[PDB]
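Asker: Enclosed are the sequence and the experimentally obtained structure.
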Amino acid sequence: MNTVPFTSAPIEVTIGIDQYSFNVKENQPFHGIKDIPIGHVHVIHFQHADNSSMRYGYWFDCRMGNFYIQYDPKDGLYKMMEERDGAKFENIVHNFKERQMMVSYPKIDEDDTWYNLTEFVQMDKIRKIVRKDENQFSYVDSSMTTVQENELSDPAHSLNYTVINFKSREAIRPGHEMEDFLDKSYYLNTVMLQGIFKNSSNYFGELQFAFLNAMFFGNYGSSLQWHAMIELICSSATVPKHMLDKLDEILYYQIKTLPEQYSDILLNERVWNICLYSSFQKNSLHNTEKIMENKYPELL
Amino acid sequence: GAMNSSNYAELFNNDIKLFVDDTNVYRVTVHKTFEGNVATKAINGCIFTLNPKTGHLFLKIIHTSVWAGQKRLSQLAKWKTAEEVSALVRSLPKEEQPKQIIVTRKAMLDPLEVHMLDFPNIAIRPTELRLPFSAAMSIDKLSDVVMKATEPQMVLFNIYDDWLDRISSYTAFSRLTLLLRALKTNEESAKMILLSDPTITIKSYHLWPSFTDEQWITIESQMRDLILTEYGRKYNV
Ligand SMILES: O=C(COc1cccc(F)c1)NC1CC1
Ligand SMILES: O=C(COc1cccc(F)c1)NC1CC1
């Protein structure tokens, strides 16, 4: 179990650590988060009390270094940093733990929610989507645009998701225009899986990361990317059976974890109705269709 | 974006544009089978592709053989339309390629856009006009070449005959749409109007009769009447 210590909490802020959220009051004696499960990526994100505008945060993996958060009063945010001096960090963390100034990552032992949402998410791939190579952790916020969004303006602060576009020469073989537009299996399996992603695990990992970015930060372009990657599978007549089984699990936990209050903004009616009711795979997502229909029948 | 009454003069500027109407591409007769079931029999069709400025009509005849062994023919017809329009554009010299293609039905947008991905500078556009181009097969000489075709075939026409020698393309299009609307609302009356007088002939190289300016006004008035009429007979007014 690992720890993300905090230098101090100088401004009132709601702090998130994966699907859990807690309030820290201005200058409350808070010094970080402990007992964080090893083996998973994690995200710590913040929404300032004063400005609910710009939820921001940091993807990270405790195995990749010792990370701490300190408020920057010039830039006005909680910044993640890496402590190179391992001994100083152990000493700082032990002092905070003895004085019990840290919240405990509150995992119930029956609960596989986080694993299920992050199964295929790897820090190495996150860092290729979020380009900031000097840091082992990755910053995301609400306003960051995607590479495709900049094709339709600051390239360094972008989310470099894989571009998917159903009406593109990449997606449509000359002389198979109708075949490939109505059955995207060529684009899914040859262009994307075999060509770009190499395997379904990388595909699913980007898909899961897009969802989490959308659900946690209200990152609109991430939301678009998550929906595009679902649609690309649902609109393919030919999909490996294990990919559909796994997709149904993935989406199931995303829909289950989804807070109810943001369901209208995070769920695209057209995509979901198409995927569940019109697409080749309309009969292949039993778990996802069941939860969707019992929790958000309004959308359908 | 879409084309409507606000921007009707755009049709007659100097940017090359084509209208594409696919309503006569897939045509069937529905009939009973010996077992009392119902079946379709396809008949020859055509893509109606028309330059509204010049009057040039690229009439691509769809021979029934193109449906042999195919499924979901109403859907295939849209993609077949797009494929053949895409082929036409590619055959034209660059300076003759359209800058815009306007489709008369919104269901043609995606099929055409996909086929023309190679031409990203060509705008594919819908329209809110209810244009009467489906009545093209009420023009006897167009109907004749479609029904006689034994193979796929492109036939070129000028749907304005020689009108542009005397009137503008705005007026030529308005005449054409009036004639086609009339034929669509009541073909027999429309055709009676056009051919009642035996002394006004259709030249071998034309589609419509050789009316003088004065005769065209009478004709135009008679077709307006027909369309207001049938609109009564329809709505009892
Ligand atoms: O400011 C700090 C404090 O660095 C840490 C490291 C670990 C946990 C922590 F709460 C703070 N270091 C550099 C010299 C200025
Ligand atoms: O923490 C949040 C809420 O995060 C937000 C906050 C504000 C707008 C928004 F779209 C999402 N959801 C996951 C389950 C814990």
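Answerer: Looks like it came in fine. Numbering: from 1, shown residues only, chains lettered A, B, ... in the order given. Ligands and ions are numbered 1, 2, ... in the order given.
Asker: Spell out which residues of chain A are next to ligand 1.
Answerer: Remark: the part of chain A in contact with ligand 1 comprises A:5, A:7, A:68, A:83, A:89, A:92, using Cβ under 6 Å from any ligand atom. Placement of C-beta: from N, CA and C, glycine included.
Asker: Now the closest residue to residue B:56 other than its chain neighbours. Its backbone dihedrals?
Answerer: With Cβ to Cβ, 6 or more residues apart in numbering or on different chains as the measure, residue B:158 is the residue that lies nearest to residue B:56, at 6.1 Å, once sequence neighbours are left out. Summarising the backbone geometry of residue B:158 under the convention degrees, to the nearest 10, its torsions are phi -110, psi 110.
Asker: quick one, what contacts residue B:158?
Answerer: B:54, B:55, B:56, B:57 (Cβ atoms under 8 Å, 6 or more residues apart in numbering or on different chains).
Asker: Now do it against residue B:100, distance only.
Answerer: For residue B:158, the distance to residue B:100 (Cβ to Cβ, to the nearest Å) stands at 21 Å.
Asker: Find the helix or strand that the residue of chain B found nearest ligand 1 is a member of.
Answerer: Sorted by distance to ligand 1 under Cβ to the nearest ligand atom, the residues of chain B start with residue B:120, at 52.5 Å. In this structure, residue B:120 is located outside every helix and strand according to DSSP states H and E.
Asker: Buried ones only from the residues of chain A next to ligand 1, please, as a PyMOL command.
Answerer: Buried members of these, defined by 16 or more other Cβ atoms under 10 Å in any protein chain shown, are picked up in PyMOL with:
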select buried, chain A and resi 5+68+83+89+92
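Asker: Quick one: end-to-end length of stretch B:15-23, please.
Answerer: 25 Å (Cα to Cα, to the nearest Å).
Asker: in it, what's buried?
Answerer: Taking 16+ other Cβ under 10 Å as the basis for neighbour counts, the residues of stretch B:15-23 that come out buried are B:16, B:17, B:18, B:19, B:20, B:21, B:22, B:23.
Asker: Quickly find the element holding whichever residue of the stretch 51-200 of chain A sits closest to chain B.
Answerer: Here the residue of the stretch 51-200 of chain A nearest chain B is residue A:178; by Cβ to the nearest Cβ that distance is 3.9 Å. Counting by DSSP H and E, the secondary-structure element that holds residue A:178 is helix A:177-182.
Asker: name the helices or strands packed onto that helix?
Answerer: Applying 3 or more Cβ pairs under 8 Å, 6 or more residues apart in numbering or on different chains; DSSP states H and E, one finds that helix A:177-182 contacts helix B:73-91, helix B:109-115.
Asker: ranges for the helices of the stretch 1-150 of chain A?
Answerer: A:86-98, A:113-118, A:123-129 (DSSP state H, counting those that start in this stretch).
Asker: Residue A:148 is nearest to which of those?
Answerer: Residue A:148 sits nearest to helix A:123-129 of all these, at 12.3 Å, using Cβ to Cβ.
Asker: Can you tell me what sits against the closest one?
Answerer: A:41, A:59-61, A:64, A:133, A:136, A:138, A:159-161, A:202, A:205-206, A:209.
Asker: could the residues of chain A next to ligand 1 go into JSON lines alongside distance to residue B:173?
Answerer: What follows is those, written out as JSON lines (distance: Cβ to Cβ, whole Å):
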{"residue": "A:5", "distance to residue B:173": "76"}
{"residue": "A:7", "distance to residue B:173": "75"}
{"residue": "A:68", "distance to residue B:173": "73"}
{"residue": "A:83", "distance to residue B:173": "76"}
{"residue": "A:89", "distance to residue B:173": "79"}
{"residue": "A:92", "distance to residue B:173": "81"}
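Asker: For the residue positioned nearest the centre of chain B, which non-adjacent residue is closest in space?
Answerer: Relative to the mean C-alpha position of chain B, the nearest C-alpha, by Cα atoms, centre = their mean, is the one of residue B:133, at 3.7 Å. What sits nearest to residue B:133 in space, not counting adjacent residues and going by Cβ to Cβ, 6+ apart, is residue B:21, at 3.9 Å.
Asker: Check whether the one you found really touches residue B:48, as I assumed.
Answerer: Yes: under the criterion of Cβ atoms under 8 Å, residue B:21 makes contact with residue B:48 at 4.2 Å.
Asker: Between the two, which contacts overlap?
Answerer: B:133, B:136.
Asker: Next, the contact list for the residue of chain B found nearest chain A, please.
Answerer: Nearest to chain A in chain B, going by Cβ to the nearest Cβ, is residue B:79, at a distance of 3.9 Å. Residue B:79 is in contact with A:177, A:178, B:111, B:115, counting by Cβ under 8 Å, 6+ apart.
Asker: can you tell me how far the closest residue to residue B:145 other than its chain neighbours sits from ligand 2?
Answerer: Distances taken as Cβ to Cβ, 6+ apart place residue B:155 nearest to residue B:145, at 5.4 Å, with adjacent residues excluded. As judged by Cβ to the nearest ligand atom, to the nearest Å, residue B:155 and ligand 2 stand 59 Å apart.
Asker: The helix or strand where residue B:155 lies: which residues count as buried?
Answerer: Following DSSP H and E, the helix or strand that holds residue B:155 is strand B:153-158. By 16+ other Cβ under 10 Å, the buried positions in strand B:153-158 come out as B:153, B:157, B:158.
Asker: Can you give the distance of that strand from its chain's centre?
Answerer: Strand B:153-158 sits 12 Å away from the centroid of its parent chain (Cα atoms, centre = their mean, to the nearest Å).
Asker: Can you check what angle separates it from helix B:73-91?
Answerer: On the basis of axes from the mean of the first three to the mean of the last three Cα atoms, to 10 degrees, strand B:153-158 is oriented at 70 degrees to helix B:73-91.
Asker: partners of strand B:153-158, with directions?
Answerer: Strand B:153-158 has its sheet partners listed here by DSSP bridges as strand B:56-62 (antiparallel).
Asker: What lies in contact with the partner strand?
Answerer: Strand B:56-62 has contacts (Cβ under 8 Å, 6+ apart) with B:18, B:25-26, B:44-51, B:77, B:80, B:84, B:88, B:142, B:145-146, B:149, B:152-159.
Asker: Buried subset of those residues, written for ChimeraX?
Answerer: Those of the contacts of strand B:56-62 that meet the burial criterion (16+ other Cβ under 10 Å) are gathered into one ChimeraX selection, given here:
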select /B:18,25,26,44,45,46,47,48,49,50,51,77,80,84,88,142,146,149,153,157,158,159
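Asker: Name the helix or strand for the closest residue to ligand 1 within the stretch 201-300 of chain A, please.
Answerer: Among the residues of the stretch 201-300 of chain A, residue A:216 lies closest to ligand 1, at 23.7 Å counting by Cβ to the nearest ligand atom. For residue A:216, the host element (DSSP H and E) is helix A:200-217.
Asker: Next, the buried residues of the longest helix out of those in chain B.
Answerer: What stands out as the longest helix in chain B, according to DSSP state H, is helix B:213-235. Of all the residues in helix B:213-235, those buried under the rule 16+ other Cβ under 10 Å are B:216, B:219, B:220, B:222, B:223, B:226, B:227, B:230.
Asker: so how many other residues sit close to the closest residue to the fifth one other than its chain neighbours?
Answerer: The spatial neighbour of residue B:223 that comes closest, neighbours along the chain excluded (Cβ to Cβ, 6+ apart), is residue B:182 at 4.2 Å. By other Cβ atoms under 10 Å in any protein chain shown, the residues close to residue B:182 number 28.
Asker: these two touch, right, residue B:182 and residue B:229?
Answerer: No: shown here, residue B:182 and residue B:229 do not form a contact pair, counting by Cβ under 8 Å, at 9.9 Å.
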